[PDB]
>>> print(open('protein-v7.cif').read())   # mmCIF, C-alpha atoms and all ligand atoms
data_structure
#
loop_
_atom_site.group_PDB
_atom_site.id
_atom_site.type_symbol
_atom_site.label_atom_id
_atom_site.label_comp_id
_atom_site.auth_asym_id
_atom_site.auth_seq_id
_atom_site.Cartn_x
_atom_site.Cartn_y
_atom_site.Cartn_z
ATOM 1 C CA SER A 1 11.759 -21.006 -1.103
ATOM 2 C CA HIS A 2 9.332 -18.496 -2.469
ATOM 3 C CA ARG A 3 6.305 -16.883 -0.787
ATOM 4 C CA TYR A 4 3.519 -15.689 -3.036
ATOM 5 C CA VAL A 5 1.028 -13.462 -1.297
ATOM 6 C CA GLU A 6 -2.168 -14.012 -3.233
ATOM 7 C CA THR A 7 -4.037 -10.758 -2.891
ATOM 8 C CA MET A 8 -7.504 -9.364 -3.411
ATOM 9 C CA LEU A 9 -7.663 -5.583 -3.943
ATOM 10 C CA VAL A 10 -11.057 -4.002 -3.094
ATOM 11 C CA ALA A 11 -12.033 -0.337 -3.630
ATOM 12 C CA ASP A 12 -15.172 1.363 -2.306
ATOM 13 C CA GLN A 13 -17.735 3.684 -3.920
ATOM 14 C CA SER A 14 -15.665 6.749 -2.996
ATOM 15 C CA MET A 15 -12.803 5.223 -4.997
ATOM 16 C CA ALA A 16 -15.024 4.326 -7.962
ATOM 17 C CA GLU A 17 -16.457 7.807 -8.066
ATOM 18 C CA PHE A 18 -13.114 9.573 -7.671
ATOM 19 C CA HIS A 19 -11.120 7.471 -10.151
ATOM 20 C CA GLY A 20 -13.816 6.495 -12.699
ATOM 21 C CA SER A 21 -12.447 4.217 -15.428
ATOM 22 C CA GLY A 22 -8.791 4.573 -14.249
ATOM 23 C CA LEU A 23 -9.384 3.006 -10.855
ATOM 24 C CA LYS A 24 -8.049 -0.516 -11.644
ATOM 25 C CA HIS A 25 -4.813 0.818 -13.150
ATOM 26 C CA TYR A 26 -4.468 3.083 -10.072
ATOM 27 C CA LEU A 27 -4.815 0.137 -7.648
ATOM 28 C CA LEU A 28 -2.330 -1.972 -9.589
ATOM 29 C CA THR A 29 0.065 0.959 -9.712
ATOM 30 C CA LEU A 30 -0.091 1.297 -5.920
ATOM 31 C CA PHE A 31 0.407 -2.428 -5.542
ATOM 32 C CA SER A 32 3.319 -2.574 -8.057
ATOM 33 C CA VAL A 33 5.231 -0.156 -5.805
ATOM 34 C CA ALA A 34 4.492 -2.269 -2.668
ATOM 35 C CA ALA A 35 5.400 -5.442 -4.536
ATOM 36 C CA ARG A 36 8.777 -3.804 -5.302
ATOM 37 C CA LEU A 37 9.427 -2.892 -1.666
ATOM 38 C CA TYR A 38 8.808 -6.571 -0.678
ATOM 39 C CA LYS A 39 11.488 -7.725 -3.201
ATOM 40 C CA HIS A 40 14.170 -5.647 -1.497
ATOM 41 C CA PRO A 41 17.011 -7.845 -0.140
ATOM 42 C CA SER A 42 16.716 -6.257 3.359
ATOM 43 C CA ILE A 43 13.508 -8.224 4.051
ATOM 44 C CA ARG A 44 15.784 -11.341 4.072
ATOM 45 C CA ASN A 45 13.043 -13.464 2.444
ATOM 46 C CA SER A 46 11.581 -14.138 -0.990
ATOM 47 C CA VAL A 47 8.114 -12.549 -1.015
ATOM 48 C CA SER A 48 5.943 -12.004 -4.086
ATOM 49 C CA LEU A 49 2.894 -9.831 -3.800
ATOM 50 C CA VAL A 50 0.509 -10.912 -6.565
ATOM 51 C CA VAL A 51 -3.069 -9.944 -7.415
ATOM 52 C CA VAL A 52 -5.570 -12.720 -8.066
ATOM 53 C CA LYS A 53 -8.751 -10.603 -7.594
ATOM 54 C CA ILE A 54 -10.044 -7.027 -7.763
ATOM 55 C CA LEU A 55 -13.470 -5.957 -6.552
ATOM 56 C CA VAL A 56 -14.851 -2.487 -7.146
ATOM 57 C CA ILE A 57 -17.868 -1.427 -5.168
ATOM 58 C CA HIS A 58 -19.940 0.748 -7.463
ATOM 59 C CA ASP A 59 -22.920 -0.125 -5.240
ATOM 60 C CA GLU A 60 -22.391 0.638 -1.514
ATOM 61 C CA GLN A 61 -24.820 -2.157 -0.398
ATOM 62 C CA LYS A 62 -22.627 -4.756 -2.108
ATOM 63 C CA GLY A 63 -19.669 -3.702 0.056
ATOM 64 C CA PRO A 64 -18.853 -3.336 3.762
ATOM 65 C CA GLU A 65 -19.943 -0.287 5.776
ATOM 66 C CA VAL A 66 -17.111 2.218 5.306
ATOM 67 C CA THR A 67 -16.811 4.843 8.006
ATOM 68 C CA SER A 68 -14.306 7.304 9.517
ATOM 69 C CA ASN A 69 -13.615 4.844 12.337
ATOM 70 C CA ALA A 70 -10.532 2.951 11.134
ATOM 71 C CA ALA A 71 -10.826 -0.169 13.282
ATOM 72 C CA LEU A 72 -14.540 -0.624 12.683
ATOM 73 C CA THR A 73 -14.126 -0.015 8.956
ATOM 74 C CA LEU A 74 -11.457 -2.733 9.180
ATOM 75 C CA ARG A 75 -13.703 -5.023 11.196
ATOM 76 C CA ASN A 76 -16.626 -4.368 8.773
ATOM 77 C CA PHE A 77 -14.208 -5.166 5.915
ATOM 78 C CA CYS A 78 -12.560 -8.270 7.326
ATOM 79 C CA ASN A 79 -15.968 -9.843 7.991
ATOM 80 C CA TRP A 80 -17.409 -8.867 4.562
ATOM 81 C CA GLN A 81 -14.462 -10.236 2.513
ATOM 82 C CA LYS A 82 -14.909 -13.777 4.013
ATOM 83 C CA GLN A 83 -17.964 -14.335 1.703
ATOM 84 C CA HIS A 84 -15.759 -13.512 -1.266
ATOM 85 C CA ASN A 85 -13.074 -16.122 -0.697
ATOM 86 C CA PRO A 86 -13.217 -19.703 -1.960
ATOM 87 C CA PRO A 87 -12.244 -22.201 0.785
ATOM 88 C CA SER A 88 -9.352 -24.035 -0.927
ATOM 89 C CA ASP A 89 -6.223 -22.282 -2.058
ATOM 90 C CA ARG A 90 -6.628 -24.629 -5.068
ATOM 91 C CA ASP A 91 -9.109 -22.177 -6.541
ATOM 92 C CA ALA A 92 -7.283 -19.684 -8.789
ATOM 93 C CA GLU A 93 -9.248 -16.788 -7.227
ATOM 94 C CA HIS A 94 -8.482 -17.818 -3.608
ATOM 95 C CA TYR A 95 -6.536 -15.061 -1.758
ATOM 96 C CA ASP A 96 -4.297 -15.110 1.224
ATOM 97 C CA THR A 97 -4.994 -11.439 1.985
ATOM 98 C CA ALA A 98 -7.518 -8.659 1.298
ATOM 99 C CA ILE A 99 -6.914 -4.913 1.195
ATOM 100 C CA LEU A 100 -9.538 -2.124 1.117
ATOM 101 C CA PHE A 101 -8.828 1.249 -0.394
ATOM 102 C CA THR A 102 -11.073 4.159 0.537
ATOM 103 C CA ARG A 103 -10.964 7.932 -0.080
ATOM 104 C CA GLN A 104 -12.645 8.194 3.351
ATOM 105 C CA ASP A 105 -10.414 9.973 5.862
ATOM 106 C CA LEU A 106 -9.708 7.252 8.444
ATOM 107 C CA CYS A 107 -9.517 8.163 12.112
ATOM 108 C CA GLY A 108 -7.922 6.463 15.081
ATOM 109 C CA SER A 109 -8.870 6.848 18.759
ATOM 110 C CA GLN A 110 -7.310 10.343 18.827
ATOM 111 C CA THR A 111 -6.798 11.932 15.379
ATOM 112 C CA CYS A 112 -7.804 11.472 11.748
ATOM 113 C CA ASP A 113 -4.134 11.577 10.789
ATOM 114 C CA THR A 114 -4.398 7.750 10.426
ATOM 115 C CA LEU A 115 -3.490 6.546 6.917
ATOM 116 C CA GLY A 116 -4.223 2.845 7.352
ATOM 117 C CA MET A 117 -4.778 -0.084 9.659
ATOM 118 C CA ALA A 118 -4.067 -3.832 9.899
ATOM 119 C CA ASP A 119 -4.060 -6.697 12.385
ATOM 120 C CA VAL A 120 -0.749 -8.274 13.330
ATOM 121 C CA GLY A 121 0.396 -11.733 12.217
ATOM 122 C CA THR A 122 -2.754 -12.624 10.296
ATOM 123 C CA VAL A 123 -1.413 -13.555 6.863
ATOM 124 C CA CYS A 124 -2.767 -17.151 6.554
ATOM 125 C CA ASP A 125 -6.028 -16.725 8.545
ATOM 126 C CA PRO A 126 -8.842 -16.015 5.975
ATOM 127 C CA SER A 127 -11.062 -14.442 8.675
ATOM 128 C CA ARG A 128 -8.342 -11.961 9.698
ATOM 129 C CA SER A 129 -5.864 -11.461 6.816
ATOM 130 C CA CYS A 130 -7.021 -7.870 6.190
ATOM 131 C CA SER A 131 -5.936 -4.255 6.009
ATOM 132 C CA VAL A 132 -7.587 -0.924 5.094
ATOM 133 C CA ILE A 133 -5.831 1.925 3.280
ATOM 134 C CA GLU A 134 -6.656 5.595 2.962
ATOM 135 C CA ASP A 135 -6.053 6.723 -0.643
ATOM 136 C CA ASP A 136 -4.268 10.034 -0.129
ATOM 137 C CA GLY A 137 -2.525 9.666 -3.459
ATOM 138 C CA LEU A 138 0.398 7.516 -4.468
ATOM 139 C CA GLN A 139 1.781 7.496 -0.919
ATOM 140 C CA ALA A 140 -0.911 4.846 -0.290
ATOM 141 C CA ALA A 141 1.577 2.379 -1.885
ATOM 142 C CA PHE A 142 3.792 2.822 1.208
ATOM 143 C CA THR A 143 0.811 2.704 3.533
ATOM 144 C CA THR A 144 -0.129 -0.610 1.812
ATOM 145 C CA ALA A 145 3.434 -1.992 2.315
ATOM 146 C CA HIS A 146 3.443 -0.888 5.958
ATOM 147 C CA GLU A 147 0.093 -2.527 6.796
ATOM 148 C CA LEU A 148 1.081 -5.713 5.024
ATOM 149 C CA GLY A 149 4.074 -5.623 7.405
ATOM 150 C CA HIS A 150 1.775 -6.060 10.404
ATOM 151 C CA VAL A 151 -0.099 -8.824 8.589
ATOM 152 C CA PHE A 152 3.369 -10.522 8.364
ATOM 153 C CA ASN A 153 3.736 -9.918 12.174
ATOM 154 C CA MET A 154 6.247 -7.055 12.047
ATOM 155 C CA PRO A 155 5.617 -4.568 14.870
ATOM 156 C CA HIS A 156 6.560 -0.926 14.873
ATOM 157 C CA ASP A 157 10.289 -0.266 14.782
ATOM 158 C CA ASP A 158 10.054 1.712 18.079
ATOM 159 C CA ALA A 159 8.630 -1.238 20.007
ATOM 160 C CA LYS A 160 10.591 -2.622 22.943
ATOM 161 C CA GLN A 161 11.285 -5.920 21.163
ATOM 162 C CA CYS A 162 13.014 -4.057 18.274
ATOM 163 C CA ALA A 163 15.644 -2.411 20.490
ATOM 164 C CA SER A 164 18.455 -5.002 20.303
ATOM 165 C CA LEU A 165 17.982 -5.482 16.579
ATOM 166 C CA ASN A 166 17.638 -1.846 15.538
ATOM 167 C CA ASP A 167 12.989 6.566 11.808
ATOM 168 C CA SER A 168 14.065 5.403 8.379
ATOM 169 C CA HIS A 169 12.290 2.122 7.584
ATOM 170 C CA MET A 170 8.897 0.751 6.530
ATOM 171 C CA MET A 171 7.547 0.032 10.021
ATOM 172 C CA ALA A 172 8.288 3.407 11.554
ATOM 173 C CA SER A 173 5.014 4.353 13.234
ATOM 174 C CA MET A 174 5.293 7.799 11.631
ATOM 175 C CA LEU A 175 6.552 8.789 8.178
ATOM 176 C CA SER A 176 10.065 10.213 7.974
ATOM 177 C CA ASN A 177 12.766 9.892 5.271
ATOM 178 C CA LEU A 178 12.854 6.229 4.229
ATOM 179 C CA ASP A 179 16.331 4.705 3.924
ATOM 180 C CA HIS A 180 16.080 3.745 0.272
ATOM 181 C CA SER A 181 19.075 1.410 0.450
ATOM 182 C CA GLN A 182 17.590 -0.566 3.397
ATOM 183 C CA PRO A 183 13.819 0.007 3.673
ATOM 184 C CA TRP A 184 13.299 -2.888 6.115
ATOM 185 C CA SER A 185 14.805 -2.570 9.584
ATOM 186 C CA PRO A 186 16.682 -5.405 11.245
ATOM 187 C CA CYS A 187 13.621 -5.872 13.469
ATOM 188 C CA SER A 188 11.255 -6.228 10.508
ATOM 189 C CA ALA A 189 13.573 -8.710 8.835
ATOM 190 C CA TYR A 190 13.804 -10.890 12.002
ATOM 191 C CA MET A 191 10.093 -10.745 12.890
ATOM 192 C CA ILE A 192 8.837 -11.809 9.443
ATOM 193 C CA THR A 193 11.592 -14.451 9.371
ATOM 194 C CA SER A 194 10.543 -15.932 12.740
ATOM 195 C CA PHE A 195 6.862 -15.925 11.665
ATOM 196 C CA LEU A 196 7.596 -17.985 8.557
ATOM 197 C CA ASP A 197 10.177 -20.254 10.285
ATOM 198 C CA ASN A 198 7.447 -20.959 12.879
ATOM 199 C CA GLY A 199 5.396 -22.116 9.914
ATOM 200 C CA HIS A 200 2.745 -19.445 9.986
ATOM 201 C CA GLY A 201 2.866 -18.714 6.242
ATOM 202 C CA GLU A 202 2.112 -22.197 4.868
ATOM 203 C CA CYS A 203 -0.692 -20.718 2.690
ATOM 204 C CA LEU A 204 1.930 -18.601 0.900
ATOM 205 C CA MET A 205 3.789 -21.554 -0.686
ATOM 206 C CA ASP A 206 1.557 -22.187 -3.707
ATOM 207 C CA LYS A 207 1.922 -20.272 -6.961
ATOM 208 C CA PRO A 208 -0.772 -17.964 -8.340
ATOM 209 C CA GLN A 209 -2.738 -19.127 -11.373
ATOM 210 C CA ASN A 210 -3.480 -16.438 -13.948
ATOM 211 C CA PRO A 211 -2.531 -13.528 -11.637
ATOM 212 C CA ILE A 212 -3.427 -10.007 -12.709
ATOM 213 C CA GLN A 213 -0.534 -8.362 -14.535
ATOM 214 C CA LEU A 214 1.347 -5.644 -12.530
ATOM 215 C CA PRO A 215 2.514 -2.464 -14.367
ATOM 216 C CA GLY A 216 6.291 -2.673 -14.975
ATOM 217 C CA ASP A 217 6.680 1.078 -15.489
ATOM 218 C CA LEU A 218 7.498 3.462 -12.635
ATOM 219 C CA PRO A 219 4.379 5.204 -11.249
ATOM 220 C CA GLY A 220 5.462 8.647 -12.508
ATOM 221 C CA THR A 221 5.439 7.215 -16.028
ATOM 222 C CA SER A 222 1.671 6.743 -15.534
ATOM 223 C CA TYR A 223 0.972 9.815 -13.407
ATOM 224 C CA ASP A 224 2.504 13.277 -13.833
ATOM 225 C CA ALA A 225 2.910 15.896 -11.104
ATOM 226 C CA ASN A 226 -0.531 17.480 -11.743
ATOM 227 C CA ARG A 227 -2.104 14.043 -11.507
ATOM 228 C CA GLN A 228 -0.374 13.288 -8.200
ATOM 229 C CA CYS A 229 -1.561 16.590 -6.769
ATOM 230 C CA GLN A 230 -5.051 15.667 -7.891
ATOM 231 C CA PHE A 231 -4.795 12.295 -6.056
ATOM 232 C CA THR A 232 -3.816 13.966 -2.780
ATOM 233 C CA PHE A 233 -5.743 17.256 -2.879
ATOM 234 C CA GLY A 234 -8.733 16.646 -5.180
ATOM 235 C CA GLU A 235 -9.296 17.166 -8.889
ATOM 236 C CA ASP A 236 -8.932 20.982 -8.801
ATOM 237 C CA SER A 237 -5.414 20.768 -7.468
ATOM 238 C CA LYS A 238 -2.415 20.772 -9.764
ATOM 239 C CA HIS A 239 1.295 21.057 -9.289
ATOM 240 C CA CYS A 240 2.683 24.281 -7.786
ATOM 241 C CA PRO A 241 6.342 25.377 -7.599
ATOM 242 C CA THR A 242 11.865 19.216 -7.117
ATOM 243 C CA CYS A 243 11.317 15.480 -6.568
ATOM 244 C CA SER A 244 11.762 15.711 -2.766
ATOM 245 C CA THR A 245 8.450 17.382 -1.871
ATOM 246 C CA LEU A 246 5.302 17.692 -3.920
ATOM 247 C CA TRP A 247 3.567 21.018 -3.502
ATOM 248 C CA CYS A 248 0.120 21.470 -4.913
ATOM 249 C CA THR A 249 -2.280 24.358 -5.555
ATOM 250 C CA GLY A 250 -5.265 25.166 -3.254
ATOM 251 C CA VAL A 251 -4.092 34.316 -4.509
ATOM 252 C CA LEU A 252 -1.554 31.581 -5.272
ATOM 253 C CA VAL A 253 -1.998 29.208 -2.287
ATOM 254 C CA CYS A 254 0.122 26.059 -2.386
ATOM 255 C CA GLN A 255 0.061 23.161 0.114
ATOM 256 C CA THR A 256 1.778 19.859 0.782
ATOM 257 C CA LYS A 257 1.654 16.646 2.858
ATOM 258 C CA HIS A 258 5.492 16.529 2.701
ATOM 259 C CA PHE A 259 5.555 13.537 0.383
ATOM 260 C CA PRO A 260 7.952 13.012 -2.437
ATOM 261 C CA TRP A 261 7.105 13.090 -6.126
ATOM 262 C CA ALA A 262 6.590 9.535 -7.309
ATOM 263 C CA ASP A 263 9.637 7.742 -8.849
ATOM 264 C CA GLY A 264 9.505 8.243 -12.615
ATOM 265 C CA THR A 265 7.921 11.672 -12.441
ATOM 266 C CA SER A 266 9.226 14.054 -15.113
ATOM 267 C CA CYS A 267 11.277 16.942 -13.739
ATOM 268 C CA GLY A 268 12.421 18.419 -17.095
ATOM 269 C CA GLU A 269 13.378 17.082 -20.510
ATOM 270 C CA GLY A 270 15.313 13.813 -20.195
ATOM 271 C CA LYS A 271 15.045 13.791 -16.410
ATOM 272 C CA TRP A 272 12.764 12.312 -13.795
ATOM 273 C CA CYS A 273 12.455 11.682 -10.059
ATOM 274 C CA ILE A 274 14.217 8.776 -8.361
ATOM 275 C CA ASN A 275 14.398 8.620 -4.524
ATOM 276 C CA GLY A 276 13.523 12.300 -4.397
ATOM 277 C CA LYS A 277 16.216 13.522 -6.834
ATOM 278 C CA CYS A 278 15.943 14.833 -10.383
ATOM 279 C CA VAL A 279 18.284 12.480 -12.259
ATOM 280 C CA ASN A 280 18.961 11.735 -15.928
ATOM 281 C CA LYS A 281 16.786 8.991 -17.404
ATOM 282 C CA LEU A 282 19.865 7.597 -19.224
ATOM 283 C CA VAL A 283 22.273 6.458 -16.499
ATOM 284 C CA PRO A 284 26.077 6.815 -17.163
HETATM 285 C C1 LIG B 1 1.748 11.631 8.452
HETATM 286 N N1 LIG B 1 1.044 10.655 9.301
HETATM 287 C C2 LIG B 1 1.542 9.559 9.935
HETATM 288 O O1 LIG B 1 2.696 9.215 9.878
HETATM 289 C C3 LIG B 1 0.561 8.762 10.749
HETATM 290 N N2 LIG B 1 0.912 7.327 10.824
HETATM 291 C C4 LIG B 1 0.057 6.358 10.400
HETATM 292 O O2 LIG B 1 -1.019 6.636 9.912
HETATM 293 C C5 LIG B 1 0.437 4.901 10.526
HETATM 294 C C6 LIG B 1 0.714 4.316 9.136
HETATM 295 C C7 LIG B 1 1.873 4.992 8.385
HETATM 296 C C8 LIG B 1 1.899 4.407 6.957
HETATM 297 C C9 LIG B 1 3.194 4.764 9.126
HETATM 298 C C10 LIG B 1 -0.737 4.154 11.166
HETATM 299 O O3 LIG B 1 -1.121 4.834 12.359
HETATM 300 C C11 LIG B 1 -0.372 2.711 11.450
HETATM 301 O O4 LIG B 1 0.448 2.399 12.313
HETATM 302 N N3 LIG B 1 -0.995 1.761 10.702
HETATM 303 O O5 LIG B 1 -0.724 0.383 10.873
HETATM 304 C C12 LIG B 1 0.438 9.347 12.178
HETATM 305 C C13 LIG B 1 1.636 8.969 13.073
HETATM 306 C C14 LIG B 1 0.342 10.880 12.139
HETATM 307 C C15 LIG B 1 -0.855 8.824 12.829
HETATM 308 MG MG MG B 2 -17.555 -12.902 -5.023
HETATM 309 MG MG MG B 3 -0.668 34.392 -7.336
HETATM 310 NA NA NA B 4 -6.921 9.942 7.926
HETATM 311 NA NA NA B 5 -6.802 13.516 8.068
HETATM 312 NA NA NA B 6 9.596 -3.749 12.700
HETATM 313 NI NI NI B 7 -23.490 4.070 5.548
HETATM 314 NI NI NI B 8 18.366 1.453 10.644
HETATM 315 NI NI NI B 9 -15.114 15.519 -11.665
HETATM 316 NI NI NI B 10 -13.577 20.942 -11.153
HETATM 317 NI NI NI B 11 5.002 20.940 -13.036
HETATM 318 NI NI NI B 12 2.521 20.436 6.910
HETATM 319 NI NI NI B 13 13.446 9.615 0.300
HETATM 320 ZN ZN ZN B 14 1.483 0.618 11.890
#
>>> encode(input="protein-v7.cif", output="structure tokens")
Amino acid sequence: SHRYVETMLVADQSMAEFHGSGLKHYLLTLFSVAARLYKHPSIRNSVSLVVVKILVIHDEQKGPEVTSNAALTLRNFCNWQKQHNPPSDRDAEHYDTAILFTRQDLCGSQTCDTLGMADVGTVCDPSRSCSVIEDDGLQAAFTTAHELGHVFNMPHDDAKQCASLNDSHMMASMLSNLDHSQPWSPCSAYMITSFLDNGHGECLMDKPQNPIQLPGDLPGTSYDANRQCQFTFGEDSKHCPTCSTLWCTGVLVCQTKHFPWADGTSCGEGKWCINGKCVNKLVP
């Protein structure tokens, strides 16, 4: 039995200004990647992330107050989105979850290293099914997937409860090398399973009506190395030096956040990046 996560994607003025006309494709590209992660067999469930609504905030007053404070930005957001949801799931534009993208550097109660935030186990509560995501380039697709984990009640993989069952998975509290063959830990698989078995995802049973089409291409087909560097380091950045770490310009100064090149990214004629390796596009 199939879960469809009817989603609204929302992007603030910083996003509108940075991305201009390409913003909606960018959001859908981010979400296509997350949607793929949620189809991986390791999650032990059938889960379909679909978009039913996008809102861009060209006008700051028509959005929530976005600030550097992650949990307030999230509280501002989760309240504001309520007004934008029809009350029956019968309405084609009714969403089970809302996600805010900002270029604003989000900060926790210690550092601004924070890349996103969500509340835990909220997926079918319209007043709390929310997450906020820092757009630091195409890595935001993983941030999205991670925060939607929490919304599905998965805790961090280093939490006491995950000891029996289990930093190489989606719900690692810090980024490391993701185990591309099994992105979801045994703890994540069990915790989302329990949540749904306990009947907490009843709003995820109904199919989307006229959902917004997700890009079927890999993200590096849309966005070359220079473009990815621009997403992370601003429009004046471009690619420096392959596939494992993207270095970007900033004398020749280059810099990195230690992220991989997006899957699909060209690394020479007839080759492109997959799981941080430059492989042939035609597979033998
Ligand atoms: C390179 N930086 C990181 O890994 C940061 N981690 C995060 O930002 C987490 C999200 C990642 C997508 C794992 C976030 O704190 C979270 O748990 N959201 O629910 C650090 C640990 C430096 C704060
Ligand atoms: Mg509305
Ligand atoms: Mg030089
Ligand atoms: Na941040
Ligand atoms: Na930061
Ligand atoms: Na987990
Ligand atoms: Ni303000
Ligand atoms: Ni493991
Ligand atoms: Ni410009
Ligand atoms: Ni310029
Ligand atoms: Ni290059
Ligand atoms: Ni560094
Ligand atoms: Ni990797
Ligand atoms: Zn987390």
>>> resolve_selection(input="protein-v7.cif", expression="the PyMOL selection byres (((chain A and resi 4-12) around 9) and not hetatm)", output="VMD selection string")
chain A and resid 2 to 3 13 to 17 23 to 24 27 to 28 31 46 to 60 63 to 64 66 93 to 103 123 203 to 208 211
>>> closest_residue(input="protein-v7.cif", among="A:268, A:250, A:219, A:108", to="residue 25 of chain A", atoms="all atoms listed in the file")
A:219
>>> closest_residue(input="protein-v7.cif", among="A:172, A:279, A:138, A:115", to="residue 259 of chain A", atoms="only C-alpha atoms")
A:138
>>> residues_near_ligand(input="protein-v7.cif", ligand="ligand NI 12 (chain B)", cutoff="10 Å", atoms="all atoms listed in the file", output="list in words")
residues 255, 256, 257, 258 and 259 of chain A
>>> write_last_selection(input="protein-v7.cif", atoms="C-alpha atoms", output="mmCIF file, in the frame of the given file")
data_model
loop_
_atom_site.group_PDB
_atom_site.id
_atom_site.type_symbol
_atom_site.label_atom_id
_atom_site.label_comp_id
_atom_site.auth_asym_id
_atom_site.auth_seq_id
_atom_site.Cartn_x
_atom_site.Cartn_y
_atom_site.Cartn_z
ATOM 1 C CA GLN A 255 0.061 23.161 0.114
ATOM 2 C CA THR A 256 1.778 19.859 0.782
ATOM 3 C CA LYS A 257 1.654 16.646 2.858
ATOM 4 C CA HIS A 258 5.492 16.529 2.701
ATOM 5 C CA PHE A 259 5.555 13.537 0.383
#
>>> resolve_selection(input="protein-v7.cif", expression="the PyMOL selection byres (((not hetatm)) within 9 of (chain B and resi 14))", output="MDAnalysis selection string")
chainID A and resid 116:118 143 146:147 149:150 155:156 171:174
>>> residues_around(input="protein-v7.cif", residues="residue 105 of chain A", least_positions_apart="3", cutoff="7 Å", atoms="only C-alpha atoms", output="list in words")
residues 68, 112 and 134 of chain A
>>> residues_around(input="protein-v7.cif", residues="residue 265 of chain A", least_positions_apart="3", cutoff="8 Å", atoms="all atoms listed in the file", output="PyMOL selection string")
chain A and resi 219-221+223-225+243+261-262+272-273
>>> closest_residue(input="protein-v7.cif", among="A:67, A:168, A:232, A:198", to="ligand NI 7 (chain B)", atoms="all atoms listed in the file")
A:67
>>> residues_near_ligand(input="protein-v7.cif", ligand="ligand NI 9 (chain B)", cutoff="12 Å", atoms="all atoms listed in the file", output="list in words")
residues 16, 17, 18, 19, 20, 230, 234, 235, 236 and 237 of chain A
>>> residues_near_ligand(input="protein-v7.cif", ligand="ligand NI 13 (chain B)", cutoff="12 Å", atoms="all atoms listed in the file", output="ChimeraX atom specification")
/A:139,142,167-170,175-183,243-245,258-263,273-277
>>> atom_distance(input="protein-v7.cif", atom1="atom CA of residue 84 of chain A", atom2="atom CA of residue 212 of chain A")
17.2 Å
>>> closest_residue(input="protein-v7.cif", among="A:281, A:238, A:36, A:271", to="residue 145 of chain A", atoms="only C-alpha atoms")
A:36
>>> residues_around(input="protein-v7.cif", residues="residue 91 of chain A", least_positions_apart="5", cutoff="10 Å", atoms="only C-alpha atoms", output="number ranges by chain")
A: 85-86, 208-209
>>> closest_residue(input="protein-v7.cif", among="A:200, A:40, A:75, A:82", to="ligand MG 2 (chain B)", atoms="all atoms listed in the file")
A:82
>>> atom_distance(input="protein-v7.cif", atom1="atom CA of residue 144 of chain A", atom2="atom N2 of ligand LIG 1 (chain B)")
12.1 Å
>>> residues_near_point(input="protein-v7.cif", point="(-7.0, 6.3, 14.6)", cutoff="6 Å", atoms="all atoms listed in the file", output="PyMOL selection string")
chain A and resi 70+107-112+114
